[PDB]
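Here's the structure, in structure tokens; my notes come after.
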Amino acid sequence: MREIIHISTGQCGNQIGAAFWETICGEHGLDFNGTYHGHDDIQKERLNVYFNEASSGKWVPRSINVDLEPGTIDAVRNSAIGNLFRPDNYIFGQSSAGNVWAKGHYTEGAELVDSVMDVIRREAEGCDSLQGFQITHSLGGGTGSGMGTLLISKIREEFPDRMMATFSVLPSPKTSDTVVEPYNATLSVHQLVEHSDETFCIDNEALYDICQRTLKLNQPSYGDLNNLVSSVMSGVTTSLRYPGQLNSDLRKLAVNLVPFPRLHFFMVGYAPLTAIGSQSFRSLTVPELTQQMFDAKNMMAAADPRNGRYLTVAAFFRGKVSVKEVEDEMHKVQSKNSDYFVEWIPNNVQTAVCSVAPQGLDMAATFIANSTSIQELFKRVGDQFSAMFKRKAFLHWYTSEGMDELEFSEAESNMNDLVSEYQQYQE
Amino acid sequence: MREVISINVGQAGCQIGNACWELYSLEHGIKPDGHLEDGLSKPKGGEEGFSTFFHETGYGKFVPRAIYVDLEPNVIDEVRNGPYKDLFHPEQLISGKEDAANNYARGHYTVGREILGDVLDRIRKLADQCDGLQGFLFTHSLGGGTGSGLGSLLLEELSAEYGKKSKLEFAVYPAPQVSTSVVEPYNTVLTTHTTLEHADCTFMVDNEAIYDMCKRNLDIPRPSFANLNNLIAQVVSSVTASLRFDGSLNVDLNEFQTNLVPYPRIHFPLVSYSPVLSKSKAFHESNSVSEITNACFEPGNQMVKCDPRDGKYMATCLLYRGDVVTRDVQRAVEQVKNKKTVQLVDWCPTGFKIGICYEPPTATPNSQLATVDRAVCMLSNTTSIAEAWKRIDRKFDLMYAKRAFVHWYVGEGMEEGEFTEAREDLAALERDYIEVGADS
Ligand SMILES: C/C(=C\c1csc(C)n1)[C@@H]1C[C@@H]2O[C@@H]2CCC[C@H](C)[C@H](O)[C@@H](C)C(=O)C(C)(C)[C@@H](O)CC(=O)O1
Ligand SMILES: Nc1nc2c(ncn2[C@@H]2O[C@H](COP(=O)(O)OP(=O)(O)OP(=O)(O)O)[C@@H](O)[C@H]2O)c(=O)[nH]1
Ligand SMILES: Nc1nc2c(ncn2[C@@H]2O[C@H](COP(=O)(O)OP(=O)(O)O)[C@@H](O)[C@H]2O)c(=O)[nH]1
């Protein structure tokens, strides 16, 4: 479990991937031309996790950027950071999917498929020991949802024992930009629950709320939100590329966070967050970071965490942190707020520590919670879906590509089953 | 006896082993390059201390008898780049390319068995070199993936191969209150099933209690895993001190087993280290034998979260180091017996075995433990230990009722009846412990 393969899908997935790779290069001290700037033993040894060393010391990331719209990939190739990527890992077709999950899943998605699988096989052969796959896409698109789910199915078919960790961008309950997004999202979750090992749910509205509320922003941009997501991604894999006291792994995340195969969905949170210029008025303390992480405003999913109940929690600290401090504050949160923690599982939360600090701060922490509150989101979309499917509106766009109403009914039934199971364990 | 081999499994076990070997090198005066400089001869840096662990190779360089096993390569890489990378043979460090998560099933039944043959061969070669092997010394994390699974598997295989060698196990137990692993009780129960049938003597340390000692006795504001490991290492060193140096009453490991183990089971003593004195308070202390003995039985100086006053003491062994009079020690033990809180069981007329070693204790620079002219280690069998097991069992039951994380273990080649069997065996062990310890 050394080498990780990154796969970005769609407009959103590709943009997030760009931000993520920028962050990783900044952490490891890599120039955007592929030649490393700094190499320190903590940075230099574990370069093999995300990067292959090409001849003449130029480092290239193991990454696959896929979409059906050439313009996004053109813009990526003409950006600074366009050099880092080996040109063979960009794969795109001419005709997009609009926003239709059916086109990207079989009809117009089959235009690529095999090429992506071939480059995946080449990357797999080039790695000593595969660890898992990171798949960045947007639920509720045409390309990111359909082609993404199809690709996940193929990858798990060929590599069944490798970890599939998907970062999904969900619909927002307040004013989404796409009309038929519910159809796509439901269709996508149908496959996602059968293939993905762990899926981190994020929605843009919660990110915007963080931007304006805690950070007092004037007009945020997508790249700003993508930076938050990239920071969370970095935080997850920190223990793989760096030493520490309590190290963690993707399989370990799954074991600690997954009581039942049907609960792999997670909320994420990040600390600290302080608006510009008030940085001087802050103290970085493990208690303060814990307070930030359990604050409902710092959830990146639009569910109310106080409404549900926490099954399993995994916290990850970076920088100057005592294990004893983390144990103390964690147990204080467990005892004080014990109404939010399920009594069926005595150990509600587990901790990990990494000595390396994120750039710009002496201390920071990422928060992964498996809570029943996530059901709320599943309900909302579900309602919307059912409503539109009652009138069979927009259905002709889907059924013209070979879809059947039976598939939609099956997907809604699966969603209802998920919500029912989360209710069962909420108890 | 002559030689003892140390075996470290998992992140925690390997870190503890690092601290222990650092401490041994300090006591014997061995350079981080593996050199007898720092004093070259006599029991500190001499054949007395060199036998038992360190093995003299060509050019007078000393390589410890130590075996590091981790399924996670990062820990052993970190050791390979540290200052003590020089001390040991590079082939004694064995690194796997996949973790066990915290899953006892992968370390025992799948990923751990891939390394098992290699580490067994290494143990066999080292054992061949050993002239007069006494036994083995195990460093575990009970409740982890590698320590639990690989530790139990390796221990069983080693017992099958040798079988008349003394097998010591120093295990780091789950915490009654604040723990870092969601499935830890599953692993712990599963491992105890094997540990009860293989390990000859098991020492248990709860990290919560050591943290309490660091914050209260040593008044350490921000303790680290390293300081905890230093304390534990001092305990182990004092266990082997009677083997490495001359004294009045020289205790062996077989003597420990004899006096502390009345029946085949009930091999799980608690450990305590009395002179834990802050360097700030170093000049306000007497260091009297009676005072140190009183500190031993103080719960604040115990290394497990268990109340020894709640139970009955079956048998204990004190181990004194430094300048100590035998008569003074005897008088202190008699006073402790007269306290009546010991609650000595009826079978034991004394139940207090005293070792005395004429070498003074030393401490690593990173700790607030000041140098003292005498020290004590306390190994006690008490009924109160059952409490810990009960705690673990309860945490097991609540999960196992819903089969909480079972699928992670079952997918790796485990059976549900195995869980039922291990839990049943633990319950039987607790029941017999209470049964004998009450009416002994
Ligand atoms: C600098 C930050 C926190 C902080 C510094 S000192 C302290 C106690 N907290 C965090 C860092 C997080 O990675 C996130 C960046 C988020 C950026 C915003 C979404 C937005 O783009 C930006 C314009 C902002 O609003 C801030 C510049 C105020 C940003 O500092 C917000 C913040 O706290 O970020
Ligand atoms: N005393 C001590 N305990 C530790 C240390 N590191 C971890 N622990 C404890 O051991 C348990 C954690 O086990 P892990 O370190 O995650 O794992 P492991 O048993 O070494 O096995 P792997 O998971 O395969 O690495 C918890 O009880 C920790 O508090 C350490 O350096 N010292
Ligand atoms: N966080 C984030 N969300 C994005 C980004 N681009 C699009 N989205 C979201 O993705 C959805 C639109 O789908 P889209 O990216 O057009 O899908 P595609 O047609 O497959 O490329 C809506 O939820 C958008 O808000 C981006 O750069 N970042």
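We name chains A, B, ... following the order of the structure tokens; residues begin at 1 in each chain, and ligands are numbered from 1 as shown.
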How close does chain A get to ligand 1? List, as a tab-separated table, each residue of chain A within 9 Å, its nearest atom pair and the distance in Å to one decimal, counting only C-alpha atoms and all ligand atoms.
```
residue	atom	partner	partner_atom_place_in_ligand_line	distance
A:207	CA	ligand 1	19 (C)	7.2
A:208	CA	ligand 1	19 (C)	7.4
A:210	CA	ligand 1	19 (C)	7.1
A:211	CA	ligand 1	19 (C)	4.7
A:212	CA	ligand 1	25 (O)	7.0
A:214	CA	ligand 1	33 (O)	6.9
A:215	CA	ligand 1	28 (C)	4.4
A:216	CA	ligand 1	25 (O)	5.9
A:217	CA	ligand 1	25 (O)	4.4
A:218	CA	ligand 1	23 (C)	7.3
A:219	CA	ligand 1	23 (C)	8.0
A:220	CA	ligand 1	21 (O)	5.6
A:221	CA	ligand 1	21 (O)	6.8
A:222	CA	ligand 1	21 (O)	8.4
A:223	CA	ligand 1	21 (O)	7.4
A:224	CA	ligand 1	21 (O)	3.9
A:225	CA	ligand 1	19 (C)	5.2
A:226	CA	ligand 1	19 (C)	8.3
A:227	CA	ligand 1	15 (C)	6.1
A:228	CA	ligand 1	14 (C)	4.8
A:229	CA	ligand 1	13 (O)	8.5
A:230	CA	ligand 1	13 (O)	8.5
A:231	CA	ligand 1	13 (O)	6.3
A:232	CA	ligand 1	13 (O)	8.8
A:270	CA	ligand 1	12 (C)	7.9
A:271	CA	ligand 1	9 (N)	7.3
A:272	CA	ligand 1	9 (N)	4.6
A:273	CA	ligand 1	33 (O)	3.5
A:274	CA	ligand 1	33 (O)	3.6
A:275	CA	ligand 1	28 (C)	3.9
A:276	CA	ligand 1	28 (C)	4.6
A:277	CA	ligand 1	28 (C)	8.4
A:278	CA	ligand 1	6 (S)	7.6
A:279	CA	ligand 1	6 (S)	4.4
A:280	CA	ligand 1	6 (S)	7.6
A:281	CA	ligand 1	8 (C)	8.1
A:282	CA	ligand 1	8 (C)	5.3
A:283	CA	ligand 1	8 (C)	6.7
A:284	CA	ligand 1	8 (C)	6.4
A:289	CA	ligand 1	8 (C)	8.9
A:360	CA	ligand 1	5 (C)	7.6
A:361	CA	ligand 1	6 (S)	6.9
A:364	CA	ligand 1	9 (N)	9.0
```
DSSP helix (DSSP H, G or I) residues within region 340-405 of chain B, as a CSV table (one decimal) with N, CA and C atoms, in the first residue's frame:
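Here's the written file out_18.csv:
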```csv
chain,number,residue,atom,x,y,z
B,383,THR,N,-6.3,-10.1,42.5
B,383,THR,CA,-7.6,-10.4,41.9
B,383,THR,C,-8.2,-9.2,41.2
B,384,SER,N,-7.9,-8.0,41.6
B,384,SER,CA,-8.5,-6.8,41.0
B,384,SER,C,-8.3,-6.7,39.5
B,385,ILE,N,-7.2,-7.4,39.0
B,385,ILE,CA,-7.0,-7.4,37.5
B,385,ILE,C,-8.2,-7.8,36.7
B,386,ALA,N,-9.0,-8.7,37.3
B,386,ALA,CA,-10.2,-9.1,36.6
B,386,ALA,C,-11.1,-8.0,36.1
B,387,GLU,N,-11.1,-6.9,36.9
B,387,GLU,CA,-11.8,-5.7,36.5
B,387,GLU,C,-11.5,-5.3,35.1
B,388,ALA,N,-10.2,-5.1,34.7
B,388,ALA,CA,-9.8,-4.7,33.4
B,388,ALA,C,-10.5,-5.7,32.4
B,389,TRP,N,-10.3,-7.0,32.5
B,389,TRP,CA,-10.9,-7.9,31.6
B,389,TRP,C,-12.4,-7.7,31.5
B,390,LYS,N,-13.1,-7.5,32.6
B,390,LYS,CA,-14.5,-7.3,32.5
B,390,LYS,C,-14.8,-6.1,31.7
B,391,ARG,N,-14.1,-5.0,31.9
B,391,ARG,CA,-14.3,-3.8,31.1
B,391,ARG,C,-14.2,-4.2,29.6
B,392,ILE,N,-13.1,-4.8,29.2
B,392,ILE,CA,-12.9,-5.2,27.8
B,392,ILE,C,-14.0,-6.0,27.3
B,393,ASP,N,-14.4,-7.0,28.1
B,393,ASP,CA,-15.5,-7.9,27.7
B,393,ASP,C,-16.8,-7.1,27.4
B,394,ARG,N,-17.1,-6.2,28.3
B,394,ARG,CA,-18.3,-5.4,28.1
B,394,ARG,C,-18.3,-4.7,26.8
B,395,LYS,N,-17.1,-4.0,26.5
B,395,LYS,CA,-17.0,-3.3,25.3
B,395,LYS,C,-17.1,-4.2,24.1
B,396,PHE,N,-16.6,-5.4,24.2
B,396,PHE,CA,-16.8,-6.4,23.2
B,396,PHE,C,-18.2,-6.7,23.0
B,397,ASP,N,-19.0,-7.0,24.1
B,397,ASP,CA,-20.3,-7.5,24.0
B,397,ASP,C,-21.2,-6.6,23.2
B,398,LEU,N,-21.2,-5.3,23.6
B,398,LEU,CA,-22.1,-4.3,23.0
B,398,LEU,C,-21.8,-4.3,21.5
B,399,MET,N,-20.6,-4.4,21.0
B,399,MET,CA,-20.4,-4.4,19.6
B,399,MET,C,-20.9,-5.7,19.0
B,400,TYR,N,-20.4,-6.8,19.6
B,400,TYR,CA,-20.7,-8.2,19.0
B,400,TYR,C,-22.2,-8.5,19.0
B,401,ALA,N,-23.0,-7.8,19.8
B,401,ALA,CA,-24.4,-8.0,19.7
B,401,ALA,C,-25.0,-7.7,18.3
```
Need to verify the contact set: residue 246 (chain B), 10 Å, only C-alpha atoms, exclusion of same-chain residues closer than 4 positions in sequence. Can you return it as a ChimeraX atom specification? /B:43,48-49,241-242,250,356-359
Preceding selection exported with N, CA, C and O atoms as a tab-separated table (two decimals), in the first residue's frame:
```
chain	number	residue	atom	x	y	z
B	43	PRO	N	30.89	-5.37	34.64
B	43	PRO	CA	29.46	-5.59	34.30
B	43	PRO	C	28.79	-4.46	33.55
B	43	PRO	O	27.88	-4.73	32.75
B	48	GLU	N	29.76	-9.96	31.75
B	48	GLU	CA	28.57	-10.19	32.55
B	48	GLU	C	27.34	-9.56	31.90
B	48	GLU	O	26.33	-10.23	31.67
B	49	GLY	N	27.42	-8.27	31.59
B	49	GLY	CA	26.30	-7.60	30.95
B	49	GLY	C	26.19	-7.86	29.46
B	49	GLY	O	25.09	-7.84	28.91
B	241	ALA	N	17.95	-6.88	35.44
B	241	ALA	CA	19.11	-6.40	36.17
B	241	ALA	C	19.77	-7.50	36.99
B	241	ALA	O	21.00	-7.55	37.11
B	242	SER	N	18.97	-8.40	37.57
B	242	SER	CA	19.53	-9.50	38.34
B	242	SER	C	20.29	-10.48	37.46
B	242	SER	O	21.15	-11.22	37.97
B	250	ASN	N	20.02	-13.08	43.70
B	250	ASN	CA	19.99	-12.98	42.24
B	250	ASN	C	18.78	-13.73	41.71
B	250	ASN	O	18.73	-14.97	41.77
B	356	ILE	N	17.53	-8.44	45.17
B	356	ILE	CA	18.41	-7.31	45.45
B	356	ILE	C	19.55	-7.33	44.44
B	356	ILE	O	20.28	-8.32	44.34
B	357	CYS	N	19.70	-6.24	43.70
B	357	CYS	CA	20.76	-6.08	42.72
B	357	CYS	C	21.61	-4.88	43.12
B	357	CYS	O	21.07	-3.81	43.45
B	358	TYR	N	22.93	-5.05	43.07
B	358	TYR	CA	23.88	-4.07	43.57
B	358	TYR	C	24.25	-3.02	42.53
B	358	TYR	O	25.31	-2.41	42.63
B	359	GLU	N	23.43	-2.86	41.49
B	359	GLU	CA	23.76	-1.83	40.53
B	359	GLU	C	22.73	-0.70	40.58
B	359	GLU	O	21.53	-0.96	40.67
```
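Here CA of residue 185 (chain B) is placed at a distance of 11.8 Å from CA of residue 404 (chain B).
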If you count only C-alpha atoms, which residues fall within 9 Å of region 303-318 of chain B, apart from same-chain ones fewer than 5 positions away, as a ChimeraX atom specification? /B:173,175-176,204-210,212-213,232,256,259-262,269-273,293,296-297,341-348,350-356,376-385,387-388,437-438,440
When the cut-off is 10 Å and we count only C-alpha atoms, which residues of chain B are near chain A, given as a PyMOL selection string? chain B and resi 11-12+15+72-75+77-78+81+96-103+145+177-185+207-208+211+221-226+394-409
Shell of 8 Å around ligand 3 (only C-alpha atoms and all ligand atoms), written as a ChimeraX atom specification: /A:9-16,67-69,96-99,137-146,169-172,176-178,181,203-204,222-223,225-226,229
Can I get the selected residues back with C-alpha atoms, as a JSON list (two decimals), in the first residue's frame?
```json
[["chain", "number", "residue", "atom", "x", "y", "z"],
["A", 9, "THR", "CA", -13.57, 13.14, -14.03],
["A", 10, "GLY", "CA", -15.58, 15.99, -15.51],
["A", 11, "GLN", "CA", -15.32, 19.75, -15.28],
["A", 12, "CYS", "CA", -15.58, 19.89, -11.49],
["A", 13, "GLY", "CA", -13.41, 16.83, -10.92],
["A", 14, "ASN", "CA", -10.66, 18.16, -13.17],
["A", 15, "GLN", "CA", -10.67, 21.58, -11.49],
["A", 16, "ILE", "CA", -10.48, 20.03, -8.02],
["A", 67, "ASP", "CA", -13.73, 14.56, -19.44],
["A", 68, "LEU", "CA", -15.99, 14.74, -22.49],
["A", 69, "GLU", "CA", -15.52, 18.51, -23.00],
["A", 96, "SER", "CA", -20.17, 16.03, -24.38],
["A", 97, "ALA", "CA", -23.05, 14.42, -22.49],
["A", 98, "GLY", "CA", -24.93, 17.67, -21.92],
["A", 99, "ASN", "CA", -25.98, 16.83, -18.44],
["A", 137, "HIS", "CA", -15.90, 14.01, -9.75],
["A", 138, "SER", "CA", -19.25, 15.76, -9.30],
["A", 139, "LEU", "CA", -22.42, 13.85, -8.58],
["A", 140, "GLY", "CA", -25.17, 15.42, -10.66],
["A", 141, "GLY", "CA", -23.25, 15.95, -13.88],
["A", 142, "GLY", "CA", -23.33, 14.12, -17.18],
["A", 143, "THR", "CA", -19.65, 13.21, -17.46],
["A", 144, "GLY", "CA", -18.61, 13.14, -13.80],
["A", 145, "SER", "CA", -21.59, 11.04, -12.71],
["A", 146, "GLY", "CA", -22.11, 8.60, -15.58],
["A", 169, "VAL", "CA", -19.63, 16.82, -4.95],
["A", 170, "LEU", "CA", -23.35, 16.56, -4.14],
["A", 171, "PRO", "CA", -26.33, 18.72, -5.09],
["A", 172, "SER", "CA", -27.06, 21.70, -2.83],
["A", 176, "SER", "CA", -28.51, 24.46, -7.62],
["A", 177, "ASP", "CA", -27.44, 25.54, -11.11],
["A", 178, "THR", "CA", -28.51, 22.31, -12.88],
["A", 181, "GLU", "CA", -29.19, 17.01, -11.39],
["A", 203, "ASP", "CA", -21.77, 20.15, -1.16],
["A", 204, "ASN", "CA", -20.95, 23.62, -2.46],
["A", 222, "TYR", "CA", -14.78, 28.13, -7.37],
["A", 223, "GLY", "CA", -11.00, 27.85, -6.98],
["A", 225, "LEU", "CA", -13.82, 26.18, -2.57],
["A", 226, "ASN", "CA", -11.58, 23.74, -4.45],
["A", 229, "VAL", "CA", -11.52, 20.31, -0.74]]
```
I need the residue nearest ligand 2 from this list: B:141, B:362, B:159, B:290. Use only C-alpha atoms and all ligand atoms for the distance. B:141
As a list in words, please: the residues near residue 158 (chain B) (cut-off 10 Å, only C-alpha atoms, same-chain neighbours under 2 positions excluded).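 With the cut-off at 10 Å, the set is residues 120, 123, 124, 136, 152, 153, 154, 155, 156, 160, 161, 162, 163, 165, 167 and 198 of chain B.
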N, CA and C atoms of the current selection, written as an mmCIF file, in the first residue's frame:
```
data_model
loop_
_atom_site.group_PDB
_atom_site.id
_atom_site.type_symbol
_atom_site.label_atom_id
_atom_site.label_comp_id
_atom_site.auth_asym_id
_atom_site.auth_seq_id
_atom_site.Cartn_x
_atom_site.Cartn_y
_atom_site.Cartn_z
ATOM 1 N N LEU B 120 10.787 -16.343 11.370
ATOM 2 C CA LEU B 120 11.125 -17.575 12.079
ATOM 3 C C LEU B 120 12.539 -18.035 11.743
ATOM 4 N N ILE B 123 14.932 -15.825 13.653
ATOM 5 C CA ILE B 123 14.966 -16.256 15.048
ATOM 6 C C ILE B 123 15.800 -17.518 15.197
ATOM 7 N N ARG B 124 15.691 -18.437 14.236
ATOM 8 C CA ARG B 124 16.429 -19.693 14.329
ATOM 9 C C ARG B 124 17.930 -19.463 14.206
ATOM 10 N N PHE B 136 12.762 -15.703 25.606
ATOM 11 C CA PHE B 136 12.436 -14.609 24.705
ATOM 12 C C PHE B 136 11.654 -13.530 25.441
ATOM 13 N N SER B 152 0.712 -12.720 18.264
ATOM 14 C CA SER B 152 0.154 -13.989 18.724
ATOM 15 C C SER B 152 0.589 -15.141 17.826
ATOM 16 N N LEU B 153 0.499 -14.949 16.507
ATOM 17 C CA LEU B 153 0.932 -15.980 15.566
ATOM 18 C C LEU B 153 2.393 -16.357 15.795
ATOM 19 N N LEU B 154 3.265 -15.348 15.850
ATOM 20 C CA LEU B 154 4.689 -15.581 16.059
ATOM 21 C C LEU B 154 4.952 -16.264 17.393
ATOM 22 N N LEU B 155 4.263 -15.824 18.448
ATOM 23 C CA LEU B 155 4.467 -16.406 19.772
ATOM 24 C C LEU B 155 4.076 -17.877 19.791
ATOM 25 N N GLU B 156 2.939 -18.212 19.177
ATOM 26 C CA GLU B 156 2.517 -19.606 19.088
ATOM 27 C C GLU B 156 3.550 -20.446 18.348
ATOM 28 N N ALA B 160 5.842 -23.518 19.809
ATOM 29 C CA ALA B 160 5.843 -24.841 19.194
ATOM 30 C C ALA B 160 7.260 -25.299 18.875
ATOM 31 N N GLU B 161 8.119 -24.375 18.440
ATOM 32 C CA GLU B 161 9.472 -24.757 18.047
ATOM 33 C C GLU B 161 10.342 -25.067 19.261
ATOM 34 N N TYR B 162 10.326 -24.196 20.272
ATOM 35 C CA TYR B 162 11.259 -24.332 21.386
ATOM 36 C C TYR B 162 10.606 -24.990 22.599
ATOM 37 N N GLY B 163 9.653 -24.298 23.217
ATOM 38 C CA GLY B 163 8.663 -24.867 24.108
ATOM 39 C C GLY B 163 9.062 -25.004 25.564
ATOM 40 N N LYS B 165 11.612 -22.965 26.672
ATOM 41 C CA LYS B 165 12.196 -21.661 26.952
ATOM 42 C C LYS B 165 11.170 -20.747 27.615
ATOM 43 N N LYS B 167 9.013 -17.645 28.135
ATOM 44 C CA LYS B 167 8.433 -16.680 27.204
ATOM 45 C C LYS B 167 7.805 -15.538 27.995
ATOM 46 N N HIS B 198 -0.066 -19.526 25.417
ATOM 47 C CA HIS B 198 1.321 -19.577 24.957
ATOM 48 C C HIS B 198 2.277 -18.829 25.880
#
```
